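Structure first, then comments.
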Amino acid sequence: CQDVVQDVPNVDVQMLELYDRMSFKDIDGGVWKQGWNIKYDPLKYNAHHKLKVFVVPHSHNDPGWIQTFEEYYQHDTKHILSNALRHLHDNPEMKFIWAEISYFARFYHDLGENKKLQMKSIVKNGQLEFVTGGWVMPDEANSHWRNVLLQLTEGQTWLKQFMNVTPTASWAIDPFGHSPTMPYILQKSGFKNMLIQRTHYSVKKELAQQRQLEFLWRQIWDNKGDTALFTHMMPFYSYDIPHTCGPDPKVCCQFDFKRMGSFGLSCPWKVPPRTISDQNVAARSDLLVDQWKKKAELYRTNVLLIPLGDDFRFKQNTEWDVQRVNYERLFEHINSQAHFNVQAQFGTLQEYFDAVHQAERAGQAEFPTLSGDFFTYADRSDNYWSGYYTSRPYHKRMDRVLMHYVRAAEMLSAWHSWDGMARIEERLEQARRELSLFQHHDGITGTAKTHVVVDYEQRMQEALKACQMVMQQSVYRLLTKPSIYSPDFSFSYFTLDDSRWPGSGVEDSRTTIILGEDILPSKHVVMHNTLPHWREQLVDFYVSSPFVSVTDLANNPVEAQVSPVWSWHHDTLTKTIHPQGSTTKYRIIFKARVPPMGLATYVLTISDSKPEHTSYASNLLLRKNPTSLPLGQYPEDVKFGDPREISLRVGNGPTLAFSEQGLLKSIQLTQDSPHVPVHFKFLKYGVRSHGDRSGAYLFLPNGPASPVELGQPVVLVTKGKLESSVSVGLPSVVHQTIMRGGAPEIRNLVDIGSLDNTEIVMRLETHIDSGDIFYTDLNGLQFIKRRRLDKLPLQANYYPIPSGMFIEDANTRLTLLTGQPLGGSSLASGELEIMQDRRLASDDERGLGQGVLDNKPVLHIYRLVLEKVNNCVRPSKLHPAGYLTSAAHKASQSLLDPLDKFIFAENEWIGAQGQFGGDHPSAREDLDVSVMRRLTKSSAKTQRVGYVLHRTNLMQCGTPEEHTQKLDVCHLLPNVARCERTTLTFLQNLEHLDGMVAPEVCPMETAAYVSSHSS
Ligand SMILES: *[C@@H]1O[C@H](CO)[C@@H](O)[C@H](O)[C@H]1NC(C)=O
Ligand SMILES: N[C@@H]1[C@@H](O)[C@H](O)[C@H](O)[C@@H]1O
Ligand SMILES: [Zn+2]
């Protein structure tokens, strides 16, 4: 295995180093506003060295943005595809590329057989070429790598089945900045080339000056370079026709033949396109070839890529004709006039890359190596696109919930083959497709119109229900005696109980387990653990009595704690935010111990009085002028007091101290150690009253954040043996710190209400001497070093926080893990901050045509890990990566892949079993089974199950590795006949494995295996 910590890769371009050196001056470069006046030697090309130009027609089709997926399909995309089919059929030299398989699959399945065959033909013959082949063109900032892979797999599996093709070139012209997670996944999925566009204008200038726009993009830790993927960065401001022919959009716009008037389009530079004729073609060709030759100066080979398209282009037949006929005339003239030394033609993306690599092999060019990322994007001036790291945070959180549900449903149901009547494959396909759709760069990003966000939400809700159905059918099958099992595939044997989605104070949707002597004495509950190691975790359920005790299925008592059910209310009479306790339901909490990739059953039983193994939390309400808080049968009376500082410790874990406002002020790791200052604070950013306004995309603050005025908030302290918490009702946020004996959990119920033009930030203030350095993750896959740059505006120093961030000095690290992607930064030494929600009255001039005024309450979840790191083996100061400790990684897993909880629906579960998976190997802590998916339906004689294995890299800090078992995924199901290593999409076999054993992967590596079973 490559060492990902101790060897700093030697690359030609390292983006953090580049950023440190660059001046980022925004000067007027002339017609190329963000560049310079490009000059070329006309003698560079001649009969023996011609410029080869590939004009690549395309149409950018957003799966939801200003209209829903279905609205766009009906109004635009179905016509684009139908007319592409006709025009490509009729014009054999015409070409077209297509990216979004969600639309293509929608279209294809509605075609008659004759048309399906015609479509297959234009694909087989290379006229229509799929690029990337994902369900969508995903966001790269907020998306989790597991869902980037999911959507890629969904689109490519469809393409392989119906089109018999698997793209090896990726096209990402629109995500708002670019992540190295993409080449990581693509290179492990058979790709050879990728194209990107939305990178900071200063980066395009810098790389263009050095002809470093094409590069071998490797991972930041990759010393050897095996992760490298050839990448083409487009050089100009947009992918539209005015910004793709060459540096001068006033000239290039004249070659967008849709802009002459009848289509309702024009050229903002005031010179319209002109129909190409024999009398003007020489002049028109001389203008166009000059643009091409200027663009070609920015690249190393004699092969030039000219995209020809824009949003929802190539709809009408008249549009196909106007572009095709005019370009054909230009090509005939240019290619016949030796003096140009150009050969121009319609091409596809693969054709471009093939020709570039032919030139490379001919010794014509050598390409630079590059590592790093391309955040945070700015398209112009100080307009940094860091707002979408937070926009519509309810749905960003929902994404992570559904991510987990999809994994759990696919894994739970993979253990068996299912009858078609069970509709398992149908429900899983629906859930995968809706989650995949949301990865779109206007879905998870929060940059779509309100009604489109509602569509995505409704789709995701249906997907959650689909996952629940599959999960609960699976649990019932896995834990019922086989000769008793008698499934009704429409029936709900269990309901899922989720304590953190939509969340307390968001939706009152959790079911109470109703027990009573005259109704039902006891209830079975089941926990699932999707991770491949034994896990203990506190779990909680609502019950109708405080007198409840827990047993395992060997009837062993389990220690439990009962607490009240507290809900916070904005009292519009008293103008306070305060908690109310239920007098009819209670929370019971206990530790569940669950096998790797397994299930464990427990029983909740009512009694008439306090059970031996159940304890009761105390509750203390801190506020002046208190009033009573009755709690029904709950056996401990609520206590009252004036606001005061408090301190809490659960088990042998950290001691946390809180301000009189209920906010953390210090953490003491052990009995002897210092009380380390760690202060939570809430602040607000506003919007500028002159110049550019923040909106869904852009964060344009009117200066540093100002503290939220807290008043005298009400603080609730619950103290228990197993779990304690401090909760406070702040303006716009019910903030909770929960302690279970290890790193605390933070929950924020964020309701920005009607606070217009406000962004609420949560900041941590510490003494850690972090300087200008901090670390943020990329897609939940890797941590990248960031350097705060005071030469850039505040909004440029904001980065995506898709799963965590940390600061550290020689001795101390503070890591904040997240259960939802949000934007954040470290704006001063010792600080971390993460945005909670933003409500913006104005549009930000990127075409969305609305502000962000559709906020809804969201429950954000976090873990906060303070650690000593002086003994850890860390990368050198020059290394661009950072790595989590074991505790921080486990804390992240606790947020993203918690135990699933099931409540048996009926009164009695006949044939119930106590456990599943007790014999499953408990793998080393850094290894995950990211995906387990049965790939075959029940009628296949050879069943196949696919696994994606990911090994992270955890810091060595002197905690001896304990004995763990080797995980061989190929032997998880019986009767294995074959084990193959595959691409991550499972679509290509790469290696037939000796002894049918799937080897574990190296740190930072991801591998896929398929096991075949003869049953
Ligand atoms: C799928 O593509 C391959 C190209 O190598 C071809 O051999 C195979 O016959 C194709 N399958 C079809 C056309 O059904
Ligand atoms: N190019 C446009 C982007 O700026 C929008 O967010 C939509 O994705 C649209 O495609
Ligand atoms: Zn788009």
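FYI, nothing fancy with the structure tokens labels: chains A, B, ... in order, residues from 1 per chain, ligands from 1 as they appear.
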
Could the residues that lie within 10 Å of ligand 2, counting only C-alpha atoms and all ligand atoms, be listed as a compact mmCIF listing (two decimals) with N, CA, C and O atoms, in the first residue's frame?
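Output (out39.txt):
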```
# COMPACT_ATOMS: atom_id res chain seq x y z
N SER A 59 -26.37 19.97 -25.58
CA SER A 59 -27.53 20.63 -25.04
C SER A 59 -27.54 20.36 -23.54
O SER A 59 -27.69 19.20 -23.14
N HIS A 60 -27.43 21.41 -22.75
CA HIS A 60 -27.39 21.23 -21.29
C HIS A 60 -28.82 21.15 -20.77
O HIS A 60 -29.57 22.12 -20.89
N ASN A 61 -29.19 20.00 -20.21
CA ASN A 61 -30.56 19.78 -19.79
C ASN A 61 -30.61 19.54 -18.29
O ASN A 61 -30.33 18.44 -17.81
N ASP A 62 -30.97 20.56 -17.55
CA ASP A 62 -31.08 20.44 -16.09
C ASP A 62 -32.27 19.59 -15.68
O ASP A 62 -33.40 19.90 -16.07
N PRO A 63 -32.04 18.50 -14.92
CA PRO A 63 -33.14 17.69 -14.33
C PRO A 63 -33.83 18.41 -13.17
O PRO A 63 -33.81 17.95 -12.02
N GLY A 64 -34.42 19.56 -13.49
CA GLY A 64 -35.04 20.47 -12.52
C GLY A 64 -34.14 21.68 -12.30
O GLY A 64 -32.90 21.57 -12.17
N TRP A 65 -34.75 22.86 -12.33
CA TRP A 65 -34.09 24.12 -12.00
C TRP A 65 -35.16 25.19 -11.87
O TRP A 65 -35.67 25.44 -10.77
N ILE A 66 -35.55 25.80 -12.99
CA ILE A 66 -36.65 26.76 -13.05
C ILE A 66 -37.98 26.08 -13.36
O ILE A 66 -39.03 26.68 -13.22
N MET A 137 -25.79 15.35 -13.83
CA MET A 137 -24.46 15.95 -13.74
C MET A 137 -24.40 16.53 -12.33
O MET A 137 -24.96 17.59 -12.05
N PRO A 138 -23.78 15.80 -11.39
CA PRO A 138 -24.00 16.15 -9.99
C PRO A 138 -23.26 17.38 -9.51
O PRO A 138 -22.19 17.72 -10.01
N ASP A 139 -23.82 18.01 -8.48
CA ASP A 139 -23.05 18.92 -7.65
C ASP A 139 -21.81 18.19 -7.16
O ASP A 139 -21.87 16.97 -6.89
N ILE A 173 -19.84 20.46 -17.22
CA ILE A 173 -19.75 21.86 -17.62
C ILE A 173 -20.41 22.82 -16.66
O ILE A 173 -20.17 24.04 -16.76
N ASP A 174 -21.21 22.31 -15.72
CA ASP A 174 -22.01 23.22 -14.91
C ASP A 174 -21.91 23.17 -13.36
O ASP A 174 -22.35 24.13 -12.74
N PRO A 175 -21.36 22.11 -12.73
CA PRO A 175 -21.31 22.18 -11.24
C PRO A 175 -20.49 23.37 -10.78
O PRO A 175 -19.55 23.79 -11.48
N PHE A 176 -20.83 23.91 -9.62
CA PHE A 176 -20.32 25.26 -9.28
C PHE A 176 -18.99 25.13 -8.52
O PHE A 176 -18.90 25.30 -7.29
N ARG A 198 -16.36 25.11 -14.49
CA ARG A 198 -16.59 26.20 -13.57
C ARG A 198 -15.49 26.26 -12.55
O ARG A 198 -15.58 25.68 -11.47
N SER A 238 -17.97 30.91 -19.74
CA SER A 238 -19.19 30.09 -19.84
C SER A 238 -18.97 28.96 -20.84
O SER A 238 -18.00 28.97 -21.61
N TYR A 239 -19.87 27.98 -20.82
CA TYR A 239 -19.90 26.98 -21.87
C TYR A 239 -20.82 27.34 -23.05
O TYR A 239 -21.00 26.51 -23.95
N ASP A 240 -21.43 28.53 -23.02
CA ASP A 240 -22.31 28.93 -24.12
C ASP A 240 -21.48 29.25 -25.38
O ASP A 240 -20.24 29.32 -25.33
N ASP A 310 -25.74 25.12 -25.49
CA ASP A 310 -26.17 25.97 -24.41
C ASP A 310 -27.36 25.23 -23.77
O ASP A 310 -27.66 24.07 -24.14
N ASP A 311 -28.03 25.91 -22.85
CA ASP A 311 -29.10 25.26 -22.06
C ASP A 311 -30.27 24.92 -22.96
O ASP A 311 -30.79 25.79 -23.67
N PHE A 312 -30.71 23.67 -22.89
CA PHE A 312 -31.91 23.21 -23.62
C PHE A 312 -31.87 23.61 -25.09
O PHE A 312 -32.90 23.89 -25.72
N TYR A 388 -24.45 28.55 -1.95
CA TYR A 388 -25.15 27.27 -2.19
C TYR A 388 -24.60 26.12 -1.34
O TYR A 388 -25.15 24.99 -1.32
N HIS A 440 -28.29 16.27 -8.61
CA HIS A 440 -28.17 17.30 -9.65
C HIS A 440 -27.63 18.61 -9.03
O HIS A 440 -27.91 18.93 -7.86
N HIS A 441 -26.91 19.38 -9.85
CA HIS A 441 -26.35 20.64 -9.40
C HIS A 441 -27.36 21.78 -9.20
O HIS A 441 -26.93 22.88 -8.83
N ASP A 442 -28.67 21.51 -9.33
CA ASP A 442 -29.69 22.42 -8.78
C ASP A 442 -30.59 21.71 -7.76
O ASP A 442 -31.60 22.30 -7.33
N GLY A 443 -30.22 20.50 -7.33
CA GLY A 443 -31.01 19.78 -6.35
C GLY A 443 -30.42 20.03 -4.99
O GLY A 443 -30.81 20.97 -4.30
N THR A 445 -27.90 21.41 -4.11
CA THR A 445 -27.31 22.75 -3.99
C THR A 445 -28.30 23.81 -3.49
O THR A 445 -27.88 24.88 -3.04
N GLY A 446 -29.59 23.53 -3.56
CA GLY A 446 -30.55 24.52 -3.08
C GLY A 446 -30.67 25.70 -4.03
O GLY A 446 -31.00 26.79 -3.59
N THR A 447 -30.44 25.49 -5.33
CA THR A 447 -30.51 26.57 -6.29
C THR A 447 -31.68 26.46 -7.26
O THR A 447 -31.65 27.12 -8.31
N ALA A 448 -32.74 25.73 -6.90
CA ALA A 448 -33.91 25.61 -7.78
C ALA A 448 -35.08 26.47 -7.29
O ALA A 448 -35.09 26.96 -6.16
N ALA A 696 -29.41 32.60 -3.69
CA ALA A 696 -29.22 31.15 -3.53
C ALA A 696 -27.80 30.67 -3.83
O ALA A 696 -27.34 29.69 -3.24
N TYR A 697 -27.14 31.32 -4.79
CA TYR A 697 -25.79 30.91 -5.20
C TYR A 697 -24.72 31.66 -4.43
O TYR A 697 -23.76 31.06 -3.94
N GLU A 845 -28.94 37.18 -9.68
CA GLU A 845 -28.56 37.48 -11.06
C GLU A 845 -27.91 36.31 -11.77
O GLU A 845 -27.16 36.50 -12.72
N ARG A 846 -28.26 35.08 -11.36
CA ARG A 846 -27.79 33.89 -12.06
C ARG A 846 -28.93 33.11 -12.74
O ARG A 846 -28.74 31.98 -13.19
N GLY A 847 -30.11 33.72 -12.84
CA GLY A 847 -31.19 33.13 -13.61
C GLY A 847 -32.27 32.43 -12.82
O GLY A 847 -33.25 31.96 -13.40
N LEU A 848 -32.08 32.32 -11.51
CA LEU A 848 -33.06 31.61 -10.68
C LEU A 848 -34.36 32.41 -10.57
O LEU A 848 -35.46 31.83 -10.54
```

Taking only C-alpha atoms and all ligand atoms and a cut-off of 8 Å, can you tell me which residues surround ligand 1, written as a list in words? residues 124, 164 and 165 of chain A

Output C-alpha atoms of each residue in that selection to a file, as a short mmCIF file (atom, residue, chain, number, x, y, z; two decimals), in the first residue's frame.
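Okay, this is what ended up in part_33.cif:
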```
data_model
loop_
_atom_site.label_atom_id
_atom_site.label_comp_id
_atom_site.auth_asym_id
_atom_site.auth_seq_id
_atom_site.Cartn_x
_atom_site.Cartn_y
_atom_site.Cartn_z
CA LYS A 124 -23.65 2.27 -32.09
CA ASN A 164 -24.70 -1.32 -24.83
CA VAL A 165 -22.21 1.45 -24.09
#
```

Pick out the residues sitting within 10 Å of residue A:961, and hand them over as a ChimeraX atom specification; count only C-alpha atoms, and ignore anything fewer than 5 positions along from it in its own chain. /A:924-925,956

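The smallest atom-to-atom distance between residue A:533 and any of A:132, A:345, A:2, A:922, using only C-alpha atoms, is found for A:922.
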
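Using only C-alpha atoms and all ligand atoms, the shortest contact distance between ligand 3 and any of A:299, A:904, A:171, A:19 is found at A:171.
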
Close residues, residue A:914 itself excluded, 10 Å, only C-alpha atoms, min 6 positions apart in chain, as an MDAnalysis selection string: chainID A and resid 479:480 524 526 552:554 599:603

Spatial neighbours of residue A:393, max dist 8 Å, only C-alpha atoms, sep filter under 4 positions, as an mmCIF file with N, CA and C atoms, in the first residue's frame:
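Saved the output as around.cif:
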```
data_model
loop_
_atom_site.group_PDB
_atom_site.id
_atom_site.type_symbol
_atom_site.label_atom_id
_atom_site.label_comp_id
_atom_site.auth_asym_id
_atom_site.auth_seq_id
_atom_site.Cartn_x
_atom_site.Cartn_y
_atom_site.Cartn_z
ATOM 1 N N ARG A 397 -29.992 18.190 4.527
ATOM 2 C CA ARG A 397 -30.040 17.192 5.587
ATOM 3 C C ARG A 397 -30.818 15.945 5.117
ATOM 4 N N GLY A 446 -29.593 23.533 -3.560
ATOM 5 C CA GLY A 446 -30.553 24.523 -3.082
ATOM 6 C C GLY A 446 -30.675 25.703 -4.029
ATOM 7 N N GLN A 820 -25.040 16.893 7.783
ATOM 8 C CA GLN A 820 -25.598 17.550 6.613
ATOM 9 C C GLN A 820 -24.548 18.473 6.040
ATOM 10 N N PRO A 821 -24.521 18.620 4.717
ATOM 11 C CA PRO A 821 -23.536 19.553 4.135
ATOM 12 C C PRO A 821 -23.975 20.989 4.353
ATOM 13 N N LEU A 822 -23.023 21.814 4.810
ATOM 14 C CA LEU A 822 -23.256 23.243 5.051
ATOM 15 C C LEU A 822 -21.985 23.997 4.714
ATOM 16 N N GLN A 836 -25.901 27.892 9.293
ATOM 17 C CA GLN A 836 -27.062 27.083 9.658
ATOM 18 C C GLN A 836 -28.238 27.205 8.681
ATOM 19 N N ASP A 837 -28.548 28.435 8.294
ATOM 20 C CA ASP A 837 -29.587 28.694 7.290
ATOM 21 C C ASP A 837 -29.405 30.115 6.806
ATOM 22 N N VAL A 858 -35.376 23.009 10.407
ATOM 23 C CA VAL A 858 -34.527 21.868 10.109
ATOM 24 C C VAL A 858 -33.733 21.537 11.366
#
```

Straight-line distance linking atom CA of residue A:702 with atom CA of residue A:850, stated in Å to one decimal: 20.0 Å

For residue A:955, which residue among A:870, A:127, A:983, A:161 is the nearest when counting only C-alpha atoms? A:870

If you count only C-alpha atoms, which residues fall within 7 Å of residue A:784, apart from same-chain ones fewer than 6 positions away, as an mmCIF file with N, CA, C and O atoms, in the first residue's frame?
```cif
data_model
loop_
_atom_site.group_PDB
_atom_site.id
_atom_site.type_symbol
_atom_site.label_atom_id
_atom_site.label_comp_id
_atom_site.auth_asym_id
_atom_site.auth_seq_id
_atom_site.Cartn_x
_atom_site.Cartn_y
_atom_site.Cartn_z
ATOM 1 N N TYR A 775 -9.064 22.545 7.991
ATOM 2 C CA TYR A 775 -9.258 21.395 7.111
ATOM 3 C C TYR A 775 -10.746 21.204 6.927
ATOM 4 O O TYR A 775 -11.514 21.312 7.903
ATOM 5 N N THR A 776 -11.154 20.901 5.695
ATOM 6 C CA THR A 776 -12.570 20.599 5.424
ATOM 7 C C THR A 776 -12.608 19.346 4.568
ATOM 8 O O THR A 776 -11.611 18.985 3.916
ATOM 9 N N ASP A 777 -13.724 18.635 4.581
ATOM 10 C CA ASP A 777 -13.786 17.435 3.761
ATOM 11 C C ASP A 777 -14.311 17.711 2.366
ATOM 12 O O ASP A 777 -14.919 18.751 2.081
ATOM 13 N N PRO A 880 -0.685 18.410 1.440
ATOM 14 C CA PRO A 880 -1.992 19.078 1.283
ATOM 15 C C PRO A 880 -3.209 18.401 1.924
ATOM 16 O O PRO A 880 -4.309 18.962 1.801
ATOM 17 N N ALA A 881 -3.037 17.245 2.555
ATOM 18 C CA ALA A 881 -4.168 16.494 3.144
ATOM 19 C C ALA A 881 -4.114 16.519 4.644
ATOM 20 O O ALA A 881 -3.044 16.747 5.252
ATOM 21 N N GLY A 882 -5.255 16.259 5.263
ATOM 22 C CA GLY A 882 -5.271 15.915 6.677
ATOM 23 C C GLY A 882 -6.107 14.660 6.863
ATOM 24 O O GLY A 882 -6.804 14.245 5.936
#
```

Do you know which residues are at most 8 Å from stretch 717-721 of chain A counting only C-alpha atoms, after dropping those on the same chain fewer than 2 positions away, and could you put them as number ranges by chain? A: 561, 563, 615-622, 648, 650-651, 715, 723-727

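In terms of minimum interatomic distance to ligand 3, A:172 ranks closest within A:940, A:722, A:172, A:738, counting only C-alpha atoms and all ligand atoms.
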
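Closest approach to residue A:91 among A:404, A:324, A:39, A:224 is made by A:324 (distances from only C-alpha atoms).
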